[PDB]
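K.L.:
Here it is, the structure in full.
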Amino acid sequence: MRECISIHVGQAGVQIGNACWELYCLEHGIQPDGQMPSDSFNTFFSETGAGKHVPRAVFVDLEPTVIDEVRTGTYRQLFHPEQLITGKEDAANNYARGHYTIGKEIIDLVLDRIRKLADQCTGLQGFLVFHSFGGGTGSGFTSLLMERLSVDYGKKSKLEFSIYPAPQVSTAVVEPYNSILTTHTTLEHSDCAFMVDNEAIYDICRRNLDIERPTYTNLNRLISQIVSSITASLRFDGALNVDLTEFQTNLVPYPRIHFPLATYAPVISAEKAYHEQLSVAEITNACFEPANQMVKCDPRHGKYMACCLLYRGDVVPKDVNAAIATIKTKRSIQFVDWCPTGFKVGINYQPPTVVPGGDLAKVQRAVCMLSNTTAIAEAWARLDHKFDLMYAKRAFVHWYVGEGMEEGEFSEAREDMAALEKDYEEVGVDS
Amino acid sequence: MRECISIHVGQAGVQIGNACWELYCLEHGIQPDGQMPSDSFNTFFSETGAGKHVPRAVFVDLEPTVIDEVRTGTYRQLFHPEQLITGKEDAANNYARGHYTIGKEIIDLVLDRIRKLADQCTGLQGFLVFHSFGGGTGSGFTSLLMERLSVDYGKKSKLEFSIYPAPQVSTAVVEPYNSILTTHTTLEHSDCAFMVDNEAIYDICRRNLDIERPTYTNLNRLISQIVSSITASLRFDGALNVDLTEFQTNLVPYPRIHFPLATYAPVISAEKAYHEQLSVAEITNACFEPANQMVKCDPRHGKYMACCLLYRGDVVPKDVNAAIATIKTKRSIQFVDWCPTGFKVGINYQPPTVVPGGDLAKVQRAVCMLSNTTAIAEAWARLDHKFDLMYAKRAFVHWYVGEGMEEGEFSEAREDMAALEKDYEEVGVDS
Amino acid sequence: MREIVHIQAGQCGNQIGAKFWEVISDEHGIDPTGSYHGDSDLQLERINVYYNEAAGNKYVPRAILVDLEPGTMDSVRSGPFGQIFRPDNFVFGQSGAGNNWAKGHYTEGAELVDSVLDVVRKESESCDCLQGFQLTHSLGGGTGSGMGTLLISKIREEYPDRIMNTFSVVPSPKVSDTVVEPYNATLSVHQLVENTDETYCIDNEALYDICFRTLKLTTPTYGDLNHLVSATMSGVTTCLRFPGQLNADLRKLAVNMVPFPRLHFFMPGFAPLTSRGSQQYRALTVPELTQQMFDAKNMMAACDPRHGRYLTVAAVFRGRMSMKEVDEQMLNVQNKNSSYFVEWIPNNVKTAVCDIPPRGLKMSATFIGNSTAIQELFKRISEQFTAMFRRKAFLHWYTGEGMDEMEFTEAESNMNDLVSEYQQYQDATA
Amino acid sequence: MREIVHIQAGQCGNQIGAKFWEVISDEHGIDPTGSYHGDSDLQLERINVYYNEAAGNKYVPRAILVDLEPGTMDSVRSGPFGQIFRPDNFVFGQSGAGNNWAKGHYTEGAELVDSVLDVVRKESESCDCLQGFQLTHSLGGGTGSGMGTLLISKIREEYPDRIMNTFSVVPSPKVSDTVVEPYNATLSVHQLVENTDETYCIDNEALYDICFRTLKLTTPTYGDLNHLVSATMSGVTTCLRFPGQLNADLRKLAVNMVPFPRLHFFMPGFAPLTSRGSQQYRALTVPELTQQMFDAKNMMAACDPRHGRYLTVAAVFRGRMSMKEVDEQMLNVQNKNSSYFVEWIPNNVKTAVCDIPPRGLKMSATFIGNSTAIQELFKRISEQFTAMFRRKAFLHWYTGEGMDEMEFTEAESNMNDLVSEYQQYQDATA
Amino acid sequence: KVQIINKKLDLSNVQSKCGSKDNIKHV
Amino acid sequence: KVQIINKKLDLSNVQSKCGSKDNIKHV
Ligand SMILES: CC(=O)O[C@H]1C(=O)[C@@]2(C)[C@H]([C@H](OC(=O)c3ccccc3)[C@]3(O)C[C@H](OC(=O)[C@H](O)[C@@H](NC(=O)c4ccccc4)c4ccccc4)C(C)=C1C3(C)C)[C@]1(OC(C)=O)CO[C@@H]1C[C@@H]2O
Ligand SMILES: CC(=O)O[C@H]1C(=O)[C@@]2(C)[C@H]([C@H](OC(=O)c3ccccc3)[C@]3(O)C[C@H](OC(=O)[C@H](O)[C@@H](NC(=O)c4ccccc4)c4ccccc4)C(C)=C1C3(C)C)[C@]1(OC(C)=O)CO[C@@H]1C[C@@H]2O
Ligand SMILES: Nc1nc2c(ncn2[C@@H]2O[C@H](COP(=O)(O)OP(=O)(O)OP(=O)(O)O)[C@@H](O)[C@H]2O)c(=O)[nH]1
Ligand SMILES: Nc1nc2c(ncn2[C@@H]2O[C@H](COP(=O)(O)OP(=O)(O)OP(=O)(O)O)[C@@H](O)[C@H]2O)c(=O)[nH]1
Ligand SMILES: Nc1nc2c(ncn2[C@@H]2O[C@H](COP(=O)(O)OP(=O)(O)O)[C@@H](O)[C@H]2O)c(=O)[nH]1
Ligand SMILES: Nc1nc2c(ncn2[C@@H]2O[C@H](COP(=O)(O)OP(=O)(O)O)[C@@H](O)[C@H]2O)c(=O)[nH]1
Ligand SMILES: [Mg+2]
Ligand SMILES: [Mg+2]
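Protein chains in written order, with the authors' numbering: chain B, 1 to 38, 47 to 439; chain L, 1 to 38, 47 to 439; chain K, 1 to 430; chain A, 1 to 430; chain N, 274 to 300; chain D, 274 to 300.
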């Protein structure tokens, strides 16, 4: 049937992929050794040998430590040994290294592995890519890989779950350079990009889950929950099914505006589950509050272009219609005038599954919400500002130039980013 | 059906709320954990989970001490954790701190919780607010909350349970400032405001219950019994139901005169209960003695403008009519000439419930009385007098001014109070 | 939560602080090693107001040791409850003030204040929501007075919105422990009147009288006096640690007890105080506590309140009682003694009740009065100061540290103005 | 996979190397005989970064010992941990530089550098994927400075794309161990500033201050100083040997910390540092580590960062933690000290986290700062240089080896240019 | 040498805000 | 003797690239 291929690159991508594959194995009842103790999961797992299910995944990094952690973990006997590809020297937070110097050494091997995995599929629908903007390997190799993919396939859809840089929290100094360069070179080679912020997830964990020590495991578990809710309609059946193509058809009004924001509900802890009834109306309301968005940007500062809702479990379509109508009448949210109908809904029968030892309580229904809004324009502006601050004095430029990146490229990227900002300002004005 | 929301502010409000919710849970047969051991109580409790009932209550204070007392008491698992909102520093008997400097920090969160609770109700009709004039957090934050509620809603009723300062007993030096300021601010935002007086309840407990050590538990139990008698018409069906709107339609003749007085009968001890065969007529007579009033003021000094009677239990309408007629013919009390029909009467089937460990005996009939009288004017005068005694020399004024409150505000408040006094003497004159 | 940073300076400050911390540790059930061996959850519920929890179930008091000579805090360190304190909070010089205000305020204090402020900042930033600062010292000493005024000024500059409270040992009216105490007292009040939120005055002579008359103690030592002072301190700061029916914190007391910014000198008192043999003949009732508190002999300051009129009163009751009785006693006191209260303030009395019974008896009560009679103390000092300033006695000792007679004139003029204010606030004018 | 070659030169280098190798062997569970006796697999999964494996489980550290005199390495060889090193790695001459930069750079270095280059080439051929080179030496010495500069230049000519880290010991500001210390120091930096990727500056005076003030050590010896330096060394490279939530290798630090090719001088620091008794008085939490980072008294160089502005900062944590806490601490530090950071570099802070803590600790912390205040150090050195160069003092010693005054002039001019650049980069200009 | 700020506070005239007298002349 | 490496950075004029204004004249 329809098959999806997952690619995880860099430290963030690899760890998010680990969490995602643990979640899939738990949801489908597959043991960590590839055996089923007791079948629509052909979308993600292929059958090899006698009852062994191998995930359709590719794990790429230029540094072997995190992949080595994978190879010795609980899921050692789950992944194909050749699907875990490693380099020797990482990009070292240098976009040019992961794009021009180090990326080109293993890009061909990665493409060969992807082709071998894809030729098996008969109904391939698209690619899932997990990476981060700030990292060198992430941004550089992801940009190179998507350029190669768009050249090779073109028609198949390509999706990203990227980590947007936080407004205040940062873990690198060269972050704006890499972010701007990779956004400029990936703007024309993508179909939909869902972005999350570590700071926003920290706020979510502190405010709702009541966790004071949210390590990266919890963040990756939340992200994996969102990805699972996105792919559920493929992996199961419901009253209203949505595949990957409908996402880009409904959320992307123009080819240069494909940066929606992903939220989730209900994110509550075990003890507060007793005091709350998780009804469709209230979780739909919670999906639209600014305090629940997992990117540090206020929706009230802009207008929604398109919205997509995905419901799981015990859900009645009439309640969904009523809740969406109630949201529409409310004037706390704003919609562009040129988009009279701004909702795409999907309903699935399979309820979410709670990973044992986790932090989320057990619920019978859940909502995943994606919004394409101009409120992200502000974030773009901020990044550009930082770029300028560090480019008026040529700070750190020699590091990139010594790796084969001509200086004018930086200007090009900045110029393009400015144009993109103008784009948003043009579509945020009603007629 | 019809829903009500209870708001408790400050130390006094929170303690009264705890007593009231214990009484409600006992009345409706709800265990302290929220379960039921065996339904018109959707007005106050909302259903959730598997047969768990969550009160529609919000607890607000600027100091965590009393809310933490609640959070570890017997009813810890009854209240929704997000409904107990705490600050970090209290107003410290400062109106300005609770209204301008400190209150504005959590007013937004309180309003967010309020609207989240309100959207859950389909037929919400009003809010109940419990607070104290004398305190800083109580008066200031209550005024701010009433301002915000009136702006946001406007049409829903807003009833008030407030602790009027006692004429002799005092527990603070800055009571007149806070009382005058909060009365000036809230004079045009409260639909109706009943009052209780700690000195009067002390007197009641001494004279009637034969108690010489009345801790605040006894006073809060009395107040809870009164509010239960007020809301029983909503919570139970009776021969003559009274809503929340009927109170204000029947007891407030002008928008600026909405300060009734609350009494209760019968208040007897267990030992004297056996020697008195309590009947409707004698209870109605008992509700009209000055010694049984719960505000330390003599109704014989003024004239009634409107009276409201709420009967519970074994009550016969003909006896009610006969007793009220006898009261009307008795010339020891007076009524304003322009109000020939000055009575509203409601009857309810469910008798009052005796809390074990309490100090009131078991009766099959009870009466709650609310009277809007001009005798309260004297009280205002006294307060104003005290304010002047303290304002001629500008004592403590710097404390309020340093928090941003302009000095001229004080003048306005005092002037407003003067007008209010005039108002009363204008309507206490027959024609 | 609401947390208090405690400062002690000089010999008196260090000794009173040691006794106070021993009292607090016993109240919260902490052994001298610093490990909690208590028996109630309320002891640990609000332990953060005074203690910081370290690794391994240990509690470190949030205290700072300040002195210009090492002898006093060396005695503190070597004695019991010496290992409880963090060693880094011990700040000492090597010279000492020598009962000289100028030496401790301008020369040695200038060297020590930087380190003390660094330690104070480190303590404060480790807190969550600082409530205020508390200091213990005297006015007749050099180190205490000078360094206390310097630190108070610097902290008020650093944190102008927090709360400053001081427990100051004012000079006694009859017997003086130093010849140059009027100079130091004047030069210290000249800064206290501007940089301190509120100050409680305690006199060693009054404490001697209390122990010899009420407690029937033959040989009072400084241990008993510091015991009484610590009891008063704990009674004052009890609403931050234990729940009560009606509670009041430091800001509430400051608001309810300071009508004007220049009138923040209170007289404390404690009840019940009784001997071992008399405890069998008296009954602990709220009226008895109230009668003891409003007693001229029981005051912890050597001023007679009957000479002047109260401005405000604070009564912090502790234990389990009935507030009907509390309010009836307050009313009885106000009506009987109506000649001792200013007319331009109704409701002179503020009340607070803490549920947890005092470590000790069933019930107890702390009294804090803001009476105009305290002006007498200032007035008396003025006389002595000028009686010693006309002849310029001991003046070179001070002017050799850079000070000048202009500072002396300014201090005496300011404090005489304060005396005028306190005295003439006894006019009803209505 | 990433493996690091270690080089030590001179007495300072040899002592620091001995201590560093003892610490490393303890961390990985290697006994002095070279046979693995650990208790965890993580100690062997990444052992090849520092240790080659010999026949029979024996492990040989990938280290090279260089000196112009045999005394120090004879002490190393005869002492403990002397049998781990392969005897072929001990290179020595018979003369010694005698604190003469010219002697160690032009005459004896010309004799020993070929053998040292043979040894490094042989070591690097056994390397699989070389990460870079690490060198330990001192600037104020003859053979240290001379051979360090010579070797660095030769290797930079050999492998220009690899990584060079140096742990230098810059001269102290108050007490000097050698009269000709300025000359050599200048003649060293004029090479380093052109051939070294990054360099950490160490002052013995700062180490003495840390040992006496923080560790409460009465008699600090060179053993303790080398202990601290080795702790910092191991903290820097921990992400290459153990997995963590966020990794960072040498190239990542070089990219994140060096904005311009001529500014690669950092000031390291370590945390926590506590005495044998005070560790019971304080908690082991991330805020404590972060506060020990940005302490003017905790820096390992005698330059106050408060006098200048930070350019970039790296914080490498060890042990299980919460990332949110780390980022909140970094945000708080950046916000509070916003006057100490350049305006043209938003997000001055780089963060790394490693799961495995040091043996016997819950958590640790390593700080690296690229501050403009370091220019003061350079300035001071330059002054002394010219103060002795106008009179041509001690010049005949150097000019008797082949150098000329033009080399001294070039070095002085380059030093002045570097100081000018450091000063100029403190301008907002926007 | 310091006099207090004693203010001559007074409420000379205040007019009622209730409109009770508006229709007193009604037939 | 050295100067800061500073350049005159500016984004003079940038136009939007999406063609949302093309069909606004449609009847
Ligand atoms: C045998 C017995 O029951 O005697 C009692 C006692 O009730 C008496 C004698 C106690 C006792 O106090 C004195 O003997 C005393 C002597 C000089 C000065 C001050 C006190 C007692 O020490 C006081 C002590 O109080 C406490 O429980 C608290 O711990 C007390 N703390 C300490 O005394 C203390 C001493 C060393 C180290 C740590 C704590 C306290 C008091 C007020 C506020 C906080 C704590 C108790 C049980 C008594 C004795 C032992 C005789 C008194 O204590 C107080 C200050 O309330 C003296 O005034 C009361 C009168 C009481 O009758
Ligand atoms: C009960 C306890 O806590 O024991 C500690 C200890 O008391 C203290 C004071 C230790 C101790 O360190 C010192 O006394 C010291 C002296 C001079 C210079 C530097 C340190 C300790 O020696 C250090 C030693 O630390 C280690 O073992 C680390 O792994 C350390 N390794 C070594 O120091 C070492 C010693 C001998 C042989 C090989 C290595 C390390 C630190 C960073 C990076 C790698 C390794 C331990 C736990 C202690 C003692 C024994 C007293 C401290 O050491 C460190 C850096 O962890 C000093 O600062 C810490 C704080 C500790 O509390
Ligand atoms: N949410 C989340 N973010 C992560 C995780 N791991 C890394 N990141 C993000 O990644 C950023 C750092 O860049 P990396 O992705 O680690 O860089 P890289 O992929 O290792 O590529 P190189 O820089 O060449 O090593 C940080 O700012 C983090 O926000 C993770 O496990 N979860
Ligand atoms: N009847 C009754 N009155 C109470 C109760 N608790 C407090 N009060 C009254 O509250 C007054 C004191 O003010 P508070 O209510 O404590 O003020 P607050 O709401 O806590 O706000 P703050 O002044 O900032 O502390 C006293 O005069 C009491 O009469 C109670 O449980 N029952
Ligand atoms: N109540 C009390 N008073 C003290 C104590 N120690 C000293 N004093 C008083 O403090 C004054 C001496 O001040 P001192 O502390 O010695 O000055 P300093 O050493 O320079 O700070 C004397 O008048 C004493 O009465 C004490 O333990 N308790
Ligand atoms: N920290 C530390 N510094 C040292 C050690 N040995 C020497 N030094 C420093 O190095 C300088 C002397 O350099 P030295 O090695 O004798 O010069 P060389 O003979 O040319 O190598 C002095 O300033 C010392 O402070 C050591 O073991 N530890
Ligand atoms: Mg990486
Ligand atoms: Mg309060």
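The beta carbon of each residue, even a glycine, is placed where N, CA and C say it ideally should be.
Would you call the stretch 8-22 of chain A and the stretch 411-424 of chain K touching, i.e. three or more CB-CB distances under 8 Å?
P.N.:
In short, these stretches do not touch, since the Cβ pair count stays below three.
K.L.:
Exposed or buried, residue 167 of chain L, counting other C-beta atoms within 10 Å across all chains shown (16 or more means buried)?
P.N.:
Flag for residue 167 of chain L reads buried.
K.L.:
Could you tell me the alpha carbon to alpha carbon distance between residue 293 of chain N and residue 336 of chain L, rounded to whole angstroms?
P.N.:
Each residue's alpha carbon lies about 25 Å from the other.
K.L.:
Starting from the beta carbon of residue 420 of chain A, find every residue of chain D whose beta carbon is closer than 8 Å, and list them in chain order.
P.N.:
Chain D residues near residue 420 of chain A: 274, 275.
K.L.:
Using beta-carbon positions only, say whether residue 394 of chain B and residue 258 of chain B come within less than 8 Å of one another.
P.N.:
Taking 8 Å as the Cβ cut-off, residue 394 of chain B and residue 258 of chain B do not qualify as a contacting pair.
K.L.:
With a floor of 3 residues, list each beta strand (DSSP E) that falls wholly inside the stretch 304-392 of chain A, ordered by position along the chain.
P.N.:
The stretch 304-392 of chain A contains these whole beta strand (DSSP E) runs: 310-318, 349-354, 364-371.
K.L.:
Taking residue 62 of chain L as the query, report the chain B residues whose CB atoms sit under 7 Å from its CB, ordered along the chain.
P.N.:
Residues of chain B passing the Cβ test: 283.
K.L.:
Taking contact to mean 3 or more Cβ pairs, one atom from each stretch, closer than 8 Å, check whether the stretch 320-332 of chain A and the stretch 278-286 of chain A are in contact.
P.N.:
Cβ pair count under 8 Å is three or more, so yes.
K.L.:
What are the complete beta strand (DSSP E) segments, minimum 3 residues, inside the stretch 343-391 of chain L?
P.N.:
Complete beta strand (DSSP E) runs here, min 3: 351-356, 373-381.
K.L.:
Which residues end up in the neighbourhood of ligand 2 when you take C-beta atoms closer than 5 Å to any of its heavy atoms?
P.N.:
Cβ-based neighbours of ligand 2 within the cut-off: A:23, A:26, A:224, A:227, A:228, A:231, A:234, A:273, A:274, A:279, A:358, A:359, A:360.
K.L.:
Could you check the C-alpha separation between residue 380 of chain L and residue 20 of chain L for me, to the nearest Å?
P.N.:
Residue 380 of chain L and residue 20 of chain L: Cα-Cα distance of roughly 24 Å.
K.L.:
Of all Cβ atoms in chain L, is any one closer than 8 Å to the Cβ of residue 298 of chain N?
P.N.:
Answer no: the Cβ-Cβ gap between residue 298 of chain N and chain L never drops below 8 Å.
K.L.:
Take every Cβ of the stretch 316-327 of chain L, pair it with every Cβ of the stretch 240-249 of chain L, and state whether three or more of those distances are shorter than 8 Å.
P.N.:
With a cut-off of 8 Å, the stretch 240-249 of chain L and the stretch 316-327 of chain L count as touching, because enough Cβ pairs lie within range.
K.L.:
Could you tell me if residue 348 of chain B is buried or exposed, where buried requires 16 or more neighbouring beta carbons within 10 angstroms of its beta carbon?
P.N.:
Flag for residue 348 of chain B reads exposed.
K.L.:
Tell me the DSSP bridge mates of residue 166 of chain B?
P.N.:
Beta-bridge pairing links residue 166 of chain B to B:135.
K.L.:
Should residue 144 of chain L be labelled buried (16 or more other beta-carbon atoms within 10 Å of its own) or exposed?
P.N.:
When all chains shown are included, residue 144 of chain L counts as buried.
K.L.:
Does the CB of residue 429 of chain A have a neighbour CB from chain D at under 8 Å?
P.N.:
With 8 Å as the cut-off, residue 429 of chain A counts as an interface residue toward chain D.
K.L.:
Could you list the residues in the stretch 175-207 of chain L with a C-beta less than 7 Å from some C-beta on chain N, going in chain order?
P.N.:
Per Cβ criterion, the list is empty.
K.L.:
For residue 52 of chain A, name the three-state secondary structure that DSSP assigns.
P.N.:
DSSP places residue 52 of chain A in strand when its eight states are reduced to three.
K.L.:
Interface residues of chain L around residue 280 of chain B at Cβ under 8 Å?
P.N.:
The contacting residues are 88, 89, 90.
K.L.:
Over what stretch of residues does the beta strand (DSSP E) that includes residue 271 of chain L continue unbroken?
P.N.:
Where residue 271 of chain L is concerned, the enclosing beta strand (DSSP E) stretches over 269-273.
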